[PDB]
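So here's one chain in two forms, each on its own in structure tokens, numbered structure 1 and structure 2.
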Structure 1
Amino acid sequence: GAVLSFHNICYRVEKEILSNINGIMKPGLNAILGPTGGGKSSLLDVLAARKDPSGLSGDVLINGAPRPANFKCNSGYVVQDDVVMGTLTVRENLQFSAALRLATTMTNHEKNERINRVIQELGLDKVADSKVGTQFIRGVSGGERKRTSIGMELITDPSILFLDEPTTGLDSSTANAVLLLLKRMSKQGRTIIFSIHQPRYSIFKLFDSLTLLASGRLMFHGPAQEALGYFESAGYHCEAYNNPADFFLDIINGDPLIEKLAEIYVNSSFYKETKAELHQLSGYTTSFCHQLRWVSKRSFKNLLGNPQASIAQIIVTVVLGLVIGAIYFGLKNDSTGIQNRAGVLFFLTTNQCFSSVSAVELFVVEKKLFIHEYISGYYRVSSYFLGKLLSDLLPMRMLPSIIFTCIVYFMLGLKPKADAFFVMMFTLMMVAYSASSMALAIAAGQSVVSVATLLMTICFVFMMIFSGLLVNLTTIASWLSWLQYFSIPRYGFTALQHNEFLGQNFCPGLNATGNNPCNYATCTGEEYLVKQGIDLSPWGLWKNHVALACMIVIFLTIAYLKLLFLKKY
């Protein structure tokens, strides 16, 4: 089997969370234990290479050789809080893990067989076709979600398996079942390493090695059955009916003292034996397209499975379209035509911009999962980015524009030509994409959403002021005019105006015989446009669209760089 032998570890983050730690984790159900403040999860990550190598200051050595570069890929790790996708079926999650982790050369049949074997081992065949739990509804119980995570890691038939708090939040019976399962797995020769919180003695009866850590020091390392003898030799005695694990924790808590216990251990025989043994010992798979395909499939399944956001979006869009069609129904080429036309176009543009502050949740929600799967070697960050965009951002931002136009354009009696119709659709879509892209660039690489939302709203108000309606941009001062070139709504609104007002007459019965509209009348659309600053040449419309495209590219690239320079360790 595998023999993971740490030695003289010291990790500096210059607070030193772990001071001096040596041991050997032979095959079996090895364990790590101690108070919450003690560096147990930290040590676990150190052994699994999930922590920045800079602070590390010791020699980790497996089976007599230094850790291979591909270690994380050939050794599983199970996070504390399950990251499985509730909106998917158990077998679907295992299938995703199998498809990306296992080699491409293998056939789909072999991978399906392996998945069946794993489900059989973990006893999940009952729920192999059930939802894993949206947490709005729970297709499976907590224990089965945990077993599913363990299965995802087990797909590649790992030799070394790390776990963090495998029994936390579970009921006593569920925890016992999980740990008995781990004991069965270890009997096969698989080295299991894990951390726990105040285990029961039925659980503690099953261990093969113990590692007790407090304030970053090694109180004990050796066979669990003999830990009680060691402490009793130290003088501390355990009354019956008291769980020995709690007894160790009491001894640590003093119910300073901790350094005294460390000194005792260094004087111990176990330490000498372990040190002698240590000195004796010292003596991507897949292509880009495949990753993109699979992550996009998973994202779309989640998108469908969670109907709240999508369905609410479509319904609100339709209702707004119908209401606006009723209110602005039958626009007239009279004194009030200009007001209503500009108003509706402004409203549509702002609705597209302000309805995209819900894109912050795209990457904020799935930060932990992305980090875990990137470290574990599932996929690159490029494939995650493009697949997630192509599955979530593209369709649900393209739809509202189509709904709005199809509903309003004919109820409102806007221009009857088709070239104008599709320009309206394209312009609204580009506004939505650019706004959502900006939201991504602002929200990417963040775990808190509120700050991002506030920032987006503030930015959008300051953009809205510089839209043509409220301010008459020709009037703004020169030292402030240049900010108008940073506004998405300005480009969209200007394009829509240039599409609609051109070739419209708003002075009925002028008769042009006196030929005097007083020069204060705004009797034509061209005149209104030039008075608002717009350009009547065909270049104006297309330059607005061009600017929107450039903003899209800029913001998406920023988001990618923010993900690629995120702290993943």
Structure 2
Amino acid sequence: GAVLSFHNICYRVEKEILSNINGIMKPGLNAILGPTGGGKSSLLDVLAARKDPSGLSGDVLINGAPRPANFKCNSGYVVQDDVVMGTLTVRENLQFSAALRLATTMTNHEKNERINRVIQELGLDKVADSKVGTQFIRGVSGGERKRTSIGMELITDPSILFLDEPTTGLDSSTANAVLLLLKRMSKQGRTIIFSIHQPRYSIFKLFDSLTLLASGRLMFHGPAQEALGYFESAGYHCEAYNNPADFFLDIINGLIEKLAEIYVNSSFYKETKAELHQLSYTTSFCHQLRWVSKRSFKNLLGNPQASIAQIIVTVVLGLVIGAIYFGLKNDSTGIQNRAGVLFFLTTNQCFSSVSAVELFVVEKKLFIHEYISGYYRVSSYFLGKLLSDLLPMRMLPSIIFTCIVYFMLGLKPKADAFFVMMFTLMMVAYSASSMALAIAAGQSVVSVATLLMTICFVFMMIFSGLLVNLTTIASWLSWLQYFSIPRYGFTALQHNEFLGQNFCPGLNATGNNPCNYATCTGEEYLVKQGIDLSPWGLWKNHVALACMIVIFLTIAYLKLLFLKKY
């Protein structure tokens, strides 16, 4: 089959974490053992090309030739923490993987046949149409989840298959079933490379090669059965009823340089060195966008707790606000009530958008894994995520809010005013969400992002135009009002509502105001707040919000593009 050989590998990150290491991994089960920080995982990443080539200082060859550019696309890699979509079924996950990884020339029938073959091979036919783990709906067993992860990487029929801790977190019987399946797959001529953690003898007997690493150094590389003999010849006795893997780890724990020199002075080292010296996008943009959006939307529907909670909160807020403000009046209290309700609606659209920091943070590991494997470009992933999760969920609350409250309150009864209000609330929601994405994209934890979002929104709320009267602020500070998302929305809503209204019953101030301090019309109130009375004074707010949306989405895209994905 395929023979992976690594010669004189050195990896430095500038500390060195992988010293001189060399070996050969042939078809069959090849295992890597050692302490948690020893370097089994680092070696696995280096051999899989999942690491930046800066630190690499060695030679890797497959069948005696250097690794080609499309190596990551032609070799499967199974991650330790499963990244299968829980809200989908086994066949759905396999269909997504097959759609994005296999060439599009193949018909849908051929892809379905290949998926059928893979399902049969891994023995998933019982659960072929079951949701794989929801945490709101019960899912299949952990062994079936791991088998699904293996199946997604087997769709493209790889020659080399990497696994990272394929047994950690599983039960003993499940672990044995997993490794027996791996053993069956290895006999077919498939090269399987994996790292394990504290195996058992039942597990240990199945290997064909063993590579022991500790503190970045090669303690032993050779056939698995001969490790015990090597360590006995080193001068260590094996007690009965003792697991050999536990024996090797006990030897390592208790020096390391001594065992390293001993291995170099061994015959296996000479044979390996002699052999080493002897040897020396698939799919379109639209296709990826469609499938990314489809999977994201299915995940949104299948895990609806958060979305339902947001919609219920929106409806309850709408009904309560409609009851509290029912029947606005054109008297001394009309200005206060109108300004208060519009201010609340705008700042609510801002504060309820801080949950958009979780759009890209929750799926970061899945994104990096699938980008490395060549599923899609960053552009199509970004646009599909925006089109499926951001677009409808930030659009529904605006429609619900206006439809509920507009006629309970008795806002301006024209159709243009109704639709301008709905559109303005939508634009505020999109701008706030885009700012949250720009701040949070490409990060692993949301705590600092959430704190920054909340502080920024509190400062923007103060500059909206209700709490401080923007015309009174000092000039060296006043320019900060142009960075306020709520200010543009609040200004547009006030312009839409207050124009042409009277608030002093019995007193007609449209012609002239008799007393100088009365504030009897909507125009007087708007000008006192610093708001322009022309139609451009309405629409420049929407121009500003649109420009903010574009800028923030571009920043989020760039932060995803230049993210270190390794």
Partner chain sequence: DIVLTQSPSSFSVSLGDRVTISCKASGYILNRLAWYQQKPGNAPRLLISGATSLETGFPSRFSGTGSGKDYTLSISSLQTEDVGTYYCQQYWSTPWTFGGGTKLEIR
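Quick note, the numbers are simply positions in structure 1, starting from 1. Residues that one form lacks are left out of the comparison. We call the rigid core whatever largest set of C-alpha positions still superposes within 1.5 Å between the two forms.
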*Of structures 1 and 2, which is the form solved without the partner chain?*
1
*Could you check which of 36, 516, 537, 70 shows a C-alpha shift of 2 Å or more between the two structures after a rigid core superposition?*
516
*State yes or no: after fitting on the rigid core, is the Cα displacement of residue 197 between the two structures at least 2 Å?*
no
_CA of residue 311, rigid core aligned, shift of 2 Å or more between the two structures_ = no
_residue 138: Cα shift of 2 Å or greater between the two structures (core-aligned)_ = yes
*By how many angstrom does residue 237 shift at its CA between the two structures when the core is held fixed?*
1.2
*Lining up the core, where do at least three residues in a row all have CA moves of 2 Å or more between the two structures?*
135 to 138, 511 to 517
